[PDB]
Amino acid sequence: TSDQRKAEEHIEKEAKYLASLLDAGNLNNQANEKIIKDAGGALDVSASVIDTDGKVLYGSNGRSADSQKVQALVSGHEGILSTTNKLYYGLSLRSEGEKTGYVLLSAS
């Protein structure tokens, strides 16, 4: 009922939606990039896909990601991430039993 609780639940559902659309066995490809670009604009989020080494592959708003959040993702953290106010949500992506990358959402 809290506005903060609703904003967090909403970014969580968006991030999981987005991760469900990605081909995580082929992360760095044109098709996945388009999905992220189009979703980003339609859903009012900034979204980036990051590989396991912390390199940003593409994003709806440019090929960039907040360094501290990417560090958190590489360290194994998921869910709502720890900015200081600004809303962030990250999930790991997996293919055939192995981690292949991360998706990071910023609300926006």
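All residue numbers are counted from 1 along the displayed sequence.
- In terms of unmodelled positions of the deposited sequence, the stretch from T84 to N85 in this entry skips 1 to 3 residues.
- Higher mean CA temperature factor between 37-45 and 65-73: 37-45, per the PDB entry.
- For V103, the recorded CA B-factor ranks within the middle third of the chain. Only modelled residues enter the ranking.
- In the deposited entry, the Cα temperature factor of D53 places it in the highest third of its chain's modelled residues.
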